[PDB]
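For ligands, and for the atoms within them, numbers begin at 1 and follow the listed sequence. Note: hydrogens, waters and symmetry copies are ignored here, and every other heavy atom, side chains too, is used. Positions are given from 1, in the same order as the sequence printed here.
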Amino acid sequence: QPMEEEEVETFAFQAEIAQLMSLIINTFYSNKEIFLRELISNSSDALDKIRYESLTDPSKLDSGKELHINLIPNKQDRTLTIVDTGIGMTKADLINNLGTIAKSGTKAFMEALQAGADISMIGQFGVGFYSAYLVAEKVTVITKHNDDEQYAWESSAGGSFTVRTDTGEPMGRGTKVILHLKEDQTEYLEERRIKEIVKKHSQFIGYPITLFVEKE
Ligand SMILES: Cc1cc(C)c2cc1C(=O)NCCCOc1cccc(c1)Sc1cc-2nc(N)n1
Ligand SMILES: [Mg+2]
């Protein structure tokens, strides 16, 4: 094929977010399973936004009426994907929410961690997404909002992330978090383990969750 050109935007994480990610990555914590509760909670919050917006404006559901969460483990590429049909993020929402803007709870949470707090407290500080780095070496976030095109955010930490127009499968609307799992965190690809953690932490979220299991 003739050589194609793709635009990429590399951003530096806000300093405190980068410090938080280094803490999460380089420190042992028990109870790493709470990452899934945090991502399902973000999906539920996003699904609430489209549900309520759609009450006044039904055309907001022209990108899909079904409000749900899908969990997709893939043992072949060692990824766990959390997909929702929530509001999604415009390019600006994506850059603003995933690393460039100082998060209100980062400073207090790092101090709490430095005082020996359990990593499970992360969600209360509004930085729950970053718990993905307890189990993932890289995270890819695909997002599609009704007012913009589909974007792909990615980071392997190291203080930077990239944003580009997504060349993968278009989604109608919502967000997909792809966790590229660490070699010692493959239990999160096992359906029994996923069911255990969803029953423990994510029973009352407000939307149906479907677990897709690859046939053996
Ligand atoms: C840090 C972060 C990462 C992701 C992938 C999502 C949300 C957040 C976060 O902490 N957001 C703060 C609350 C405002 O959140 C939103 C603002 C605009 C759009 C969205 C969420 S949709 C969304 C964002 C995040 N996760 C999901 N599944 N959906
Ligand atoms: Mg909620």
Side-chain angles (χ1 to χ4, degrees), residues 11-14 16-21 23-25 34-54 60-61 63-64 66-72 79-110 121-136 138-157 160-163 166 171-180 198 201-210:
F11 293 89
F13 281 107
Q14 188 270 346
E16 288 157 296
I17 296 169
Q19 290 166 55
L20 176 60
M21 295 177 72
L23 251 121
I24 291 167
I25 293 164
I34 62 89
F35 78 89
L36 187 64
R37 176 191 73 207
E38 298 300 329
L39 299 173
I40 292 173
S41 177
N42 286 348
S43 289
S44 181
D45 288 350
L47 287 156
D48 290 333
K49 288 178 169 170
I50 186 67
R51 176 165 57 89
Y52 291 122
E53 257 196 12
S54 78
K60 289 169 163 181
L61 301 173
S63 45
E66 204 181 350
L67 302 189
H68 65 158
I69 301 173
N70 293 333
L71 303 180
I72 315 166
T79 59
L80 175 65
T81 301
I82 301 79
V83 187
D84 66 65
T85 53
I87 194 78
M89 285 172 285
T90 62
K91 193 190 170 178
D93 289 332
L94 176 66
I95 289 157
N96 286 156
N97 284 98
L98 280 70
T100 64
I101 296 180
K103 289 283 259 163
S104 174
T106 321
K107 187 185 267 193
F109 190 55
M110 296 198 293
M121 301 292 278
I122 199 170
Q124 297 282 73
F125 289 79
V127 283
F129 168 77
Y130 297 96
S131 66
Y133 291 91
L134 289 165
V135 299
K138 178 172 61 195
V139 180
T140 303
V141 177
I142 308 299
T143 196
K144 175 66 178 75
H145 178 106
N146 285 331
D147 300 344
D148 213 343
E149 296 158 17
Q150 189 159 310
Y151 281 92
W153 175 105
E154 69 74 33
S155 183
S156 293
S160 62
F161 67 87
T162 64
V163 169
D166 185 19
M171 310 186 292
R173 180 202 63 246
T175 302
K176 168 162 63 174
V177 177
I178 308 173
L179 309 171
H180 304 264
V198 167
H201 300 293
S202 309
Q203 277 196 84
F204 343 100
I205 62 101
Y207 299 92
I209 303 163
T210 306

Peer 1: In the protein, which heavy atom is nearest to atom 13 (C) of ligand 1, and how far is it?
Peer 2: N97 ND2, 4.3 Å
Peer 1: Could you tell me, atom by atom, which parts of ligand 1 come under 4.0 Å of a heavy atom of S43?
Peer 2: 28 (N)
Peer 1: Got the closest protein heavy atom to atom 2 (C) of ligand 1, with its distance?
Peer 2: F129 CB, 3.7 Å
Peer 1: I want to confirm something. Looking only at heavy atoms, which of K49, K103, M89 is nearest to atom 17 (C) of ligand 1?
Peer 2: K49
Peer 1: Can you tell which of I205, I209, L39 makes a side-chain contact (heavy atoms from CB on, under 4.5 Å) with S44?
Peer 2: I205
Peer 1: Would you check the N or O atoms of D84, main chain and side chain alike, for any that come under 3.5 Å of an N or O of ligand 1?
Peer 2: yes
Peer 1: In terms of residue, atom name and distance, what is the protein heavy atom nearest to atom 8 (C) of ligand 1?
Peer 2: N42 ND2, 4.2 Å
Peer 1: Closest approach of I34 and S131, non-hydrogen atoms and distance?
Peer 2: CD1-CB, 3.9 Å
Peer 1: If the test is side-chain contact (heavy atoms from CB on, under 4.5 Å), which one of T85, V83, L47 qualifies with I69?
Peer 2: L47
Peer 1: Got a sec: does the CD of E53 have more than 12 other heavy atoms crowding it under 6.0 Å?
Peer 2: yes
Peer 1: Give the ring-plane orientation class for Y130 versus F13, where under 30° counts as parallel, over 60° as perpendicular and anything between as tilted.
Peer 2: perpendicular
Peer 1: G88: heavy atom below 4.0 Å from ligand 1, yes or no?
Peer 2: yes
Peer 1: Taking only heavy atoms of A46, which atoms of ligand 1 are found under 4.0 Å from at least one of them?
Peer 2: 22 (S), 29 (N)
Peer 1: For atom 4 (C) of ligand 1, what's the nearest protein heavy-atom neighbour? Residue, atom name and distance, please.
Peer 2: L98 CD1, 3.8 Å
Peer 1: Among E66, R51, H68, exactly one meets side chain to side chain donor-acceptor pair (under 3.5 Å) together with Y207. Which residue is that?
Peer 2: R51
Peer 1: Provide the atom name of the closest N, O or S atom of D45 relative to the Mg ion (ligand 2).
Peer 2: OD1
Peer 1: Testing the basics here: between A12 and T100, what is the closest heavy-atom pair and its distance to 0.1 Å?
Peer 2: O-CG2, 4.3 Å
Peer 1: Please report the shortest heavy-atom distance between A132 and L179, naming the atom on each side.
Peer 2: CB-CD2, 3.6 Å
Peer 1: If you count the atoms of ligand 1 from 1 in the order shown, which ones are under 4.0 Å from a heavy atom of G126?
Peer 2: 10 (O)
